[PDB]
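These notes are about the structure you will find just below.
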There are 2 protein chains.
Amino acid sequence: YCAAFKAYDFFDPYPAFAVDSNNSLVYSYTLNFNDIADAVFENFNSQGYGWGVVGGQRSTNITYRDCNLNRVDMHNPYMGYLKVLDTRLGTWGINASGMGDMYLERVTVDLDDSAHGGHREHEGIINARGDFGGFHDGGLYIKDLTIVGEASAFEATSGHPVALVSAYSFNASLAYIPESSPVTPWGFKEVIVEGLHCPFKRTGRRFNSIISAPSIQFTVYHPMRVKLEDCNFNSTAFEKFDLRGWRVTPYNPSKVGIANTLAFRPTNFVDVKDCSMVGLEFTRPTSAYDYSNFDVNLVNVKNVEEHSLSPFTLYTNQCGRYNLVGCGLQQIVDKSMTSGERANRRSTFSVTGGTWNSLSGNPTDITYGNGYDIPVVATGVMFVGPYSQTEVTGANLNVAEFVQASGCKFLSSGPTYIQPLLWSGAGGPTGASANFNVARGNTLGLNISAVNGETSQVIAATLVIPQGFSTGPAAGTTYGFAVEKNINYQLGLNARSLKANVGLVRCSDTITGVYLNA
Amino acid sequence: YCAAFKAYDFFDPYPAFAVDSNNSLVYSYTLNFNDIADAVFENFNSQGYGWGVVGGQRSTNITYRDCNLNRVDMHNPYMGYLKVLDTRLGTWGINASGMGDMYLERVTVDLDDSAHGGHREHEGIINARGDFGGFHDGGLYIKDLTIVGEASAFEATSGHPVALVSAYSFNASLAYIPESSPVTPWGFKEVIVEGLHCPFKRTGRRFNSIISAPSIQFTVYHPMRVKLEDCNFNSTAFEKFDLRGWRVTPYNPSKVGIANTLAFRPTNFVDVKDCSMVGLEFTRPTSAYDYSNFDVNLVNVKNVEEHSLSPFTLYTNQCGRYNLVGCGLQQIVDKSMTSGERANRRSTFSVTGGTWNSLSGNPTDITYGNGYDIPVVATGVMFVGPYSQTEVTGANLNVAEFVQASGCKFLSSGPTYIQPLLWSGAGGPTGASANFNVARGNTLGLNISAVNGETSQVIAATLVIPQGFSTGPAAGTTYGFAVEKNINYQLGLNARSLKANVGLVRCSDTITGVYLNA
């Protein structure tokens, strides 16, 4: 019951290490407060092994400045604001349920936890309270967060590293939010991270998940908006967004099943800008909880560290709309590596600018519904990979089928640029057999060797695949001087929804090759 | 006449409430100063109803930290810097004419003003002095601003809520800048806002205007550059940029009438990024002051709250260039809802990526000059709305006429995608009448039923509308095997600047439908 005060340089050489009869850690505090308002703590010192040194309850407008503590905690929720400025933290991090906003600025976290066996109450660095339901009805705003240490003792017991943000409940029948309550059970309402620095390299992934809920109680919602900027993870494996333990979103209360991502409103929003990671993965929830619809926006994303390759791959399992602007893309895979499930809904992909370097493989790996009804659209992109102008390679067919391109270039190895070859043979007046799929809207080039009675001429024809308003084939006509005749050609088409299957090549003269005229 | 000092921990339970014989508020101060330099004020407590508790004049390098005051003020301008950090403010906000730079970091504003009888000195939250001409020759930089309360009494007496930033004069004959003065009369030279939080929902619009000049004195210029980032307004109505009441820009001193926004230099710059609002409106000034040319960039703008639908609308009747990247667009309207006027100059619109969901209406509403000479260009956009492939709907014609699209998709309700239908009939050799406009550069698809003496075939043909270098029609030739003849078709064109009016449909065989192949 205190208000309008300030505390100062209390020095504790190391915190208390208290155990029970079974040699298991129990609670102990250096500072413990109830029912305070408008408080400032400055230059507190209690750092090391042991239980968290701070325990607070039911407070308002708390500020920590220039402190050195192994934990900052609030058991009962706070309200107003909670500010942590220029502070060094220990392995516990922050554990606070609240009805306000949390501010973090220039905070260092050290994760070493060897003296504790594998004991860890909450699986993340910034947490809500697991014995209060895991709710935080407010935003979280972070500037210039630094991570050191590894927390290897916890990993040996559990098998994975710690998460960044966690919000879940230990037992839904003991800690939850009742229906009549006026509290909205957001995990966190908003998460804004602006600048994450990891000075030391990590073999594996930096975090188990960006936002985590590793229980099966389903008490709180996934955050409505997540934004990451200038985050350098400095790791050798992809980071992931795990959405497998969250309550059904309040944007879809009637639980309407979604068939196409554009036929329903977006429920969650994610923005990643100028971040450095090897890859990103989205894993959908299990059935009876899979009712979300994401809206993902990626801008200038690649890997900048020299210990790995530059292009990044995007794994996705969840229905949503994906937009990429100026990224160093490698591959788009419509499955989750963690679980293995392919996909069950139609999504949308749009790529603008940048480089698409697939290294040694195909640009895409999409199999849901054989890939029909999945619109991958690219504009002004430079494609690098195993393409060829003289042989029909796997990457040639993959890009012409799954990607609709306009104003794009292709380069395998050499100093110059090439046109991928899709078919080779002799398409005479009777027709030659063919079997390859091409996305509608792409432009194909035909190399034709026309001959009159005595003279001959090489013809370069250009053909556009119709969009699917008709069941007719793709045909055209052109003229050639020095032969004094018209050249007529036609490709037979079979309907494949968004794509078309070419089954017969026919021309009045001989067609020798079909190319992707990007 | 003081310098190099600091003041701490003054506590005032509530400010003075002083009136006059007519029961109206008069001035009273807790802290008053003039001619000071290098001052720090920390942990000052004076919060509540009454006149603002700080009055300052002619100072340099002032800092407020961890304070709780109902106003921060400077009557005579300051110089150097003015810093407000980690401070809670009352309904008065900040009023300061300046010859320096203003910084704000982690500031909360409470807007409740019930005890005052709807009386406000200035109409915004951050204001320049109205009795000094309303100038601030310098920049304004804000980080993490929080708004609570409503200020309902002022709205009741005046009809609209407060603005965010205000700069104007009460009387041009008493408070102004003479022509021989070396002061540049900027309202604010630059405005940067990064992070605006409004935890409580508002029915209506959060602010009357972002930058406001609600007088008719015309003493100061509109800000040259305005930037908004990560601002969640949390309201159910559109926000607006009101450009009435500002002195004519110094970039156009001869007052040259602009005609096409590309034949004159830009004069003002606006950038909005990762913000959340239902809509945005630009209102042009009245004649004798309408000589500006705006450059607007919108990146990833949509509504994320659960109560107001996602897609956002853009209203504008001001001359300028508009670029939208990865936005959740709903409609583009070339009018101002506040005033009702439509437009008088030619503007430019460019859309890249994202979704264009028009719900149950048309994607565009453009009327100035019948829409000719207004180049709306789209690339890689997913169009959602009331489109059809078996009927000619209004949205089909609207999107075919007003938008030049390339690599775009259309979806109304179903899991699959459609091609909008523009015309139905029987286009034989004589020709069938038609009346519909289409922007030049769009690609059209024709479904042709070709019949020879005994055989028949369905033909799919694509056609590109010429750009206007010539006056001829759009024609083409294709071939059909199994009928052993060529098919010739032609669309008669009537010139409408950037668009073309189709008047006649002609074909040697029968044309049954014309579609938008885009």
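Just remember, in the structure tokens the first chain shown is A, the second B, etc., residues are 1-based per chain, and ligands are 1-based in the order shown.
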
Sort by chain and increasing residue number a table of all residues of chain B within 7 Å of chain A, each with its closest pair of atoms and their distance in Å to one decimal, counting only C-alpha atoms, and write it as JSON lines.
{"residue": "B:306", "atom": "CA", "partner": "A:251", "partner_atom": "CA", "distance": 6.3}
{"residue": "B:353", "atom": "CA", "partner": "A:350", "partner_atom": "CA", "distance": 6.8}
{"residue": "B:380", "atom": "CA", "partner": "A:377", "partner_atom": "CA", "distance": 6.6}
{"residue": "B:413", "atom": "CA", "partner": "A:263", "partner_atom": "CA", "distance": 6.1}
{"residue": "B:415", "atom": "CA", "partner": "A:260", "partner_atom": "CA", "distance": 5.3}
{"residue": "B:416", "atom": "CA", "partner": "A:373", "partner_atom": "CA", "distance": 6.4}
{"residue": "B:419", "atom": "CA", "partner": "A:469", "partner_atom": "CA", "distance": 6.2}
{"residue": "B:447", "atom": "CA", "partner": "A:470", "partner_atom": "CA", "distance": 6.0}
{"residue": "B:458", "atom": "CA", "partner": "A:472", "partner_atom": "CA", "distance": 5.1}
{"residue": "B:459", "atom": "CA", "partner": "A:472", "partner_atom": "CA", "distance": 4.7}
{"residue": "B:460", "atom": "CA", "partner": "A:472", "partner_atom": "CA", "distance": 4.9}
{"residue": "B:462", "atom": "CA", "partner": "A:466", "partner_atom": "CA", "distance": 6.8}
{"residue": "B:477", "atom": "CA", "partner": "A:477", "partner_atom": "CA", "distance": 6.7}
{"residue": "B:478", "atom": "CA", "partner": "A:476", "partner_atom": "CA", "distance": 4.6}
{"residue": "B:479", "atom": "CA", "partner": "A:476", "partner_atom": "CA", "distance": 5.8}
{"residue": "B:517", "atom": "CA", "partner": "A:467", "partner_atom": "CA", "distance": 6.1}

Residues from last step as file, N, CA and C atoms, as a compact mmCIF listing (two decimals), in the first residue's frame:
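Contents of selection16.txt, as written:
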# COMPACT_ATOMS: atom_id res chain seq x y z
N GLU B 306 -11.41 -6.04 -35.13
CA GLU B 306 -12.48 -6.99 -35.37
C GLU B 306 -13.82 -6.35 -35.67
N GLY B 353 0.53 -5.43 -56.06
CA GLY B 353 0.31 -6.49 -55.10
C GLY B 353 -0.94 -6.29 -54.27
N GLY B 380 -0.33 -7.56 -60.46
CA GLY B 380 -0.31 -8.64 -59.49
C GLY B 380 -1.30 -8.51 -58.35
N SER B 413 -17.22 -15.77 -55.36
CA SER B 413 -17.54 -16.52 -54.16
C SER B 413 -16.88 -17.89 -54.11
N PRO B 415 -14.67 -21.52 -54.84
CA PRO B 415 -13.26 -21.86 -54.61
C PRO B 415 -12.37 -21.60 -55.82
N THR B 416 -12.93 -21.42 -57.01
CA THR B 416 -12.17 -21.26 -58.23
C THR B 416 -12.23 -19.81 -58.72
N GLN B 419 -13.29 -15.41 -65.30
CA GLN B 419 -12.94 -14.36 -66.26
C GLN B 419 -14.16 -13.48 -66.48
N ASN B 447 -14.59 -15.80 -77.65
CA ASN B 447 -15.05 -17.17 -77.86
C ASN B 447 -15.75 -17.22 -79.21
N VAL B 458 -14.58 -24.96 -81.81
CA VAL B 458 -14.59 -23.84 -80.87
C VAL B 458 -13.21 -23.21 -80.87
N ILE B 459 -13.16 -21.89 -81.07
CA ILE B 459 -11.91 -21.15 -81.19
C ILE B 459 -11.78 -20.20 -80.02
N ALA B 460 -10.60 -20.17 -79.41
CA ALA B 460 -10.26 -19.21 -78.37
C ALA B 460 -9.22 -18.25 -78.93
N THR B 462 -7.21 -14.31 -78.48
CA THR B 462 -6.84 -13.21 -77.62
C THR B 462 -6.50 -11.99 -78.46
N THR B 477 -6.08 -12.24 -86.79
CA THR B 477 -6.33 -13.43 -87.59
C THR B 477 -5.82 -14.65 -86.86
N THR B 478 -6.59 -15.73 -86.91
CA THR B 478 -6.18 -17.00 -86.34
C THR B 478 -6.58 -18.11 -87.30
N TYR B 479 -6.16 -19.33 -86.99
CA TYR B 479 -6.40 -20.48 -87.84
C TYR B 479 -7.04 -21.59 -87.02
N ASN B 517 -9.48 -10.88 -70.60
CA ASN B 517 -8.38 -11.84 -70.49
C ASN B 517 -7.23 -11.21 -69.71

Practice prompt. DSSP on the backbone, then: every residue of region 71-285 of chain B marked helix (DSSP H, G or I), written as number ranges by chain.
Written response: B: 130-132, 152-158

Would you put the residues from that selection into a file with C-alpha atoms, as a compact mmCIF listing (two decimals), in the first residue's frame?
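The resulting selection33.txt:
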# COMPACT_ATOMS: atom_id res chain seq x y z
CA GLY B 130 -2.20 31.01 -31.79
CA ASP B 131 -1.37 34.45 -30.39
CA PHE B 132 2.11 34.36 -31.95
CA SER B 152 -16.56 14.96 -24.95
CA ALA B 153 -17.50 18.46 -23.75
CA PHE B 154 -15.49 20.17 -26.50
CA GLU B 155 -17.03 17.83 -29.06
CA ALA B 156 -20.50 18.63 -27.73
CA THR B 157 -20.02 22.38 -28.05
CA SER B 158 -18.11 22.27 -31.36

Within 8 Å of residue 389 (chain A), counting only C-alpha atoms, which residues show up once you throw out same-chain ones fewer than 3 positions away? Write them as an mmCIF file with N, CA and C atoms, in the first residue's frame, please.
data_model
loop_
_atom_site.group_PDB
_atom_site.id
_atom_site.type_symbol
_atom_site.label_atom_id
_atom_site.label_comp_id
_atom_site.auth_asym_id
_atom_site.auth_seq_id
_atom_site.Cartn_x
_atom_site.Cartn_y
_atom_site.Cartn_z
ATOM 1 N N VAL A 392 15.530 -30.272 -71.954
ATOM 2 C CA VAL A 392 14.344 -30.104 -71.124
ATOM 3 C C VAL A 392 14.691 -30.637 -69.738
ATOM 4 N N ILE A 418 19.098 -16.897 -70.835
ATOM 5 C CA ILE A 418 18.589 -17.995 -71.647
ATOM 6 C C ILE A 418 17.069 -18.046 -71.577
ATOM 7 N N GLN A 419 16.487 -18.798 -72.511
ATOM 8 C CA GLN A 419 15.056 -19.068 -72.551
ATOM 9 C C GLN A 419 14.820 -20.546 -72.296
ATOM 10 N N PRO A 420 14.119 -20.927 -71.228
ATOM 11 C CA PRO A 420 13.947 -22.355 -70.929
ATOM 12 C C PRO A 420 13.217 -23.095 -72.040
ATOM 13 N N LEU A 421 13.672 -24.312 -72.316
ATOM 14 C CA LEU A 421 13.103 -25.155 -73.358
ATOM 15 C C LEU A 421 12.132 -26.146 -72.737
#

Practice prompt. Report the distance between CA of residue 329 (chain A) and CA of residue 343 (chain A) in Å, rounded to one decimal place.
Written response: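 Value for the CA of residue 329 (chain A)-CA of residue 343 (chain A) distance: 20.7 Å.
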
Worksheet item: What lies within 12 Å of region 16-29 of chain A using only C-alpha atoms, ignoring chain neighbours under 3 positions off, as a list in words?
Response: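 That gives residues 12, 13, 32, 33, 46, 47, 48, 49, 50, 51, 52, 53, 54, 55, 56, 69, 70, 71, 72, 73, 115, 116, 117, 118, 119, 120 and 121 of chain A.
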
Item to complete: Between CA of residue 511 (chain A) and CA of residue 383 (chain A), measure the distance and give it in Å to one decimal.
Response: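 That distance, rounded to one decimal, is 26.7 Å.
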
Discussion item. One number please: CA of residue 440 (chain B) to CA of residue 504 (chain B), in Å, one decimal.
Written reply: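 Going from CA of residue 440 (chain B) over to CA of residue 504 (chain B), I get 16.5 Å.
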
Item to complete: Excluding residue 201 (chain A) and any residue of its chain fewer than 3 positions from it, enumerate the residues within 12 Å of it, using only C-alpha atoms, and give them as a VMD selection string.
Response: chain A and resid 147 to 150 197 to 198 204 to 206 232 to 237 305 to 308

Practice prompt. Enumerate, as a ChimeraX atom specification, the complete set of residues in region 80-312 of chain A that a backbone-based DSSP assignment places in strand (DSSP E or B).
Written response: /A:80-85,88-89,93-110,124-127,136,139-148,163-166,186,190-197,202,211-212,221,225-232,235,239-242,260,268-273,276,279-283,294-299,302,312

Please, could you write that set of residues out with C-alpha atoms as an mmCIF file, in the first residue's frame?
data_model
loop_
_atom_site.group_PDB
_atom_site.id
_atom_site.type_symbol
_atom_site.label_atom_id
_atom_site.label_comp_id
_atom_site.auth_asym_id
_atom_site.auth_seq_id
_atom_site.Cartn_x
_atom_site.Cartn_y
_atom_site.Cartn_z
ATOM 1 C CA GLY A 80 -1.212 1.013 -16.681
ATOM 2 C CA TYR A 81 2.317 0.427 -17.965
ATOM 3 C CA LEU A 82 5.349 -1.675 -17.108
ATOM 4 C CA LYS A 83 8.666 -0.259 -18.325
ATOM 5 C CA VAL A 84 12.043 -2.016 -18.350
ATOM 6 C CA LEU A 85 14.771 0.334 -19.589
ATOM 7 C CA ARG A 88 20.314 -6.686 -17.780
ATOM 8 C CA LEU A 89 18.230 -9.791 -17.075
ATOM 9 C CA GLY A 93 13.352 -13.249 -18.358
ATOM 10 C CA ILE A 94 9.980 -11.596 -17.759
ATOM 11 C CA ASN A 95 6.867 -13.333 -16.401
ATOM 12 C CA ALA A 96 3.913 -10.968 -16.080
ATOM 13 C CA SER A 97 0.220 -11.224 -16.741
ATOM 14 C CA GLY A 98 -1.296 -7.803 -17.136
ATOM 15 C CA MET A 99 -4.041 -5.459 -18.243
ATOM 16 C CA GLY A 100 -1.686 -2.828 -19.628
ATOM 17 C CA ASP A 101 1.204 -2.295 -22.042
ATOM 18 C CA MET A 102 4.751 -3.611 -21.635
ATOM 19 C CA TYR A 103 7.719 -1.560 -22.869
ATOM 20 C CA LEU A 104 11.246 -2.925 -23.315
ATOM 21 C CA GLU A 105 14.186 -0.797 -24.435
ATOM 22 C CA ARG A 106 17.868 -1.797 -24.597
ATOM 23 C CA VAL A 107 17.568 -4.975 -22.533
ATOM 24 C CA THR A 108 20.123 -7.794 -22.414
ATOM 25 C CA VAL A 109 19.084 -11.351 -21.530
ATOM 26 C CA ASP A 110 21.544 -14.045 -20.419
ATOM 27 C CA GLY A 124 9.792 -18.649 -23.095
ATOM 28 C CA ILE A 125 11.757 -15.498 -22.360
ATOM 29 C CA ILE A 126 8.756 -13.140 -22.180
ATOM 30 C CA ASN A 127 5.787 -14.928 -20.643
ATOM 31 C CA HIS A 136 -2.121 -10.496 -21.313
ATOM 32 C CA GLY A 139 0.459 -4.951 -26.288
ATOM 33 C CA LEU A 140 4.166 -5.709 -26.052
ATOM 34 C CA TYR A 141 6.634 -3.257 -27.612
ATOM 35 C CA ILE A 142 10.348 -4.085 -27.759
ATOM 36 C CA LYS A 143 13.296 -1.977 -28.918
ATOM 37 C CA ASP A 144 16.900 -3.215 -29.169
ATOM 38 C CA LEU A 145 16.799 -6.597 -27.429
ATOM 39 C CA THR A 146 20.072 -8.533 -27.069
ATOM 40 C CA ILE A 147 20.324 -12.292 -26.476
ATOM 41 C CA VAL A 148 23.375 -14.079 -25.058
ATOM 42 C CA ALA A 163 10.672 -19.763 -27.208
ATOM 43 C CA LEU A 164 10.673 -15.989 -27.447
ATOM 44 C CA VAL A 165 7.079 -15.340 -26.319
ATOM 45 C CA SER A 166 4.838 -17.856 -24.556
ATOM 46 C CA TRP A 186 -5.623 -12.469 -25.635
ATOM 47 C CA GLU A 190 0.060 -7.147 -30.217
ATOM 48 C CA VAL A 191 3.750 -8.023 -30.440
ATOM 49 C CA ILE A 192 6.117 -5.463 -31.990
ATOM 50 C CA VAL A 193 9.823 -6.346 -32.063
ATOM 51 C CA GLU A 194 12.195 -3.732 -33.511
ATOM 52 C CA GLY A 195 15.822 -4.826 -33.414
ATOM 53 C CA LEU A 196 17.014 -8.204 -32.147
ATOM 54 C CA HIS A 197 20.755 -8.801 -31.831
ATOM 55 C CA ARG A 202 23.963 -20.745 -32.971
ATOM 56 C CA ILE A 211 5.006 -17.273 -30.281
ATOM 57 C CA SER A 212 4.459 -20.502 -28.363
ATOM 58 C CA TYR A 221 -5.966 -16.459 -28.424
ATOM 59 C CA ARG A 225 -0.813 -8.746 -35.020
ATOM 60 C CA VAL A 226 2.892 -9.646 -34.993
ATOM 61 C CA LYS A 227 5.564 -7.411 -36.528
ATOM 62 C CA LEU A 228 9.308 -8.083 -36.731
ATOM 63 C CA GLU A 229 11.889 -5.602 -37.979
ATOM 64 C CA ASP A 230 15.702 -5.609 -38.134
ATOM 65 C CA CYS A 231 15.894 -9.006 -36.417
ATOM 66 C CA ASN A 232 19.140 -10.935 -36.977
ATOM 67 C CA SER A 235 21.319 -19.283 -36.696
ATOM 68 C CA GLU A 239 12.527 -20.218 -37.536
ATOM 69 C CA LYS A 240 8.864 -21.113 -37.212
ATOM 70 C CA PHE A 241 5.420 -19.800 -36.295
ATOM 71 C CA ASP A 242 3.672 -22.616 -34.412
ATOM 72 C CA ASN A 260 -10.408 -20.364 -50.379
ATOM 73 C CA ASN A 268 -4.360 -12.738 -38.087
ATOM 74 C CA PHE A 269 -1.662 -10.440 -39.470
ATOM 75 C CA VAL A 270 2.114 -10.948 -39.670
ATOM 76 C CA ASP A 271 4.758 -8.551 -41.024
ATOM 77 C CA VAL A 272 8.469 -9.348 -41.393
ATOM 78 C CA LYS A 273 10.760 -6.585 -42.634
ATOM 79 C CA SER A 276 17.840 -12.208 -41.491
ATOM 80 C CA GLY A 279 13.803 -19.821 -43.538
ATOM 81 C CA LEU A 280 10.317 -19.387 -42.145
ATOM 82 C CA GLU A 281 7.694 -22.042 -41.411
ATOM 83 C CA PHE A 282 3.973 -21.843 -40.605
ATOM 84 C CA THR A 283 2.287 -24.867 -39.008
ATOM 85 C CA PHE A 294 -3.542 -15.390 -42.105
ATOM 86 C CA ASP A 295 -2.249 -12.339 -43.978
ATOM 87 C CA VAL A 296 1.549 -12.451 -44.304
ATOM 88 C CA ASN A 297 3.719 -9.626 -45.657
ATOM 89 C CA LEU A 298 7.454 -10.196 -46.208
ATOM 90 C CA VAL A 299 9.764 -7.376 -47.332
ATOM 91 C CA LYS A 302 17.249 -12.973 -46.823
ATOM 92 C CA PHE A 312 15.621 -18.352 -47.808
#

Just want the 12 Å neighbourhood of residue 254 (chain A), counted on only C-alpha atoms, with same-chain residues fewer than 6 positions away dropped. Output as an mmCIF file with C-alpha atoms, in the first residue's frame.
data_model
loop_
_atom_site.group_PDB
_atom_site.id
_atom_site.type_symbol
_atom_site.label_atom_id
_atom_site.label_comp_id
_atom_site.auth_asym_id
_atom_site.auth_seq_id
_atom_site.Cartn_x
_atom_site.Cartn_y
_atom_site.Cartn_z
ATOM 1 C CA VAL A 248 -10.265 -20.408 -31.783
ATOM 2 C CA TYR A 289 -9.133 -25.627 -33.904
ATOM 3 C CA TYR A 291 -10.292 -21.860 -38.335
ATOM 4 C CA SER A 292 -7.801 -19.017 -38.899
#
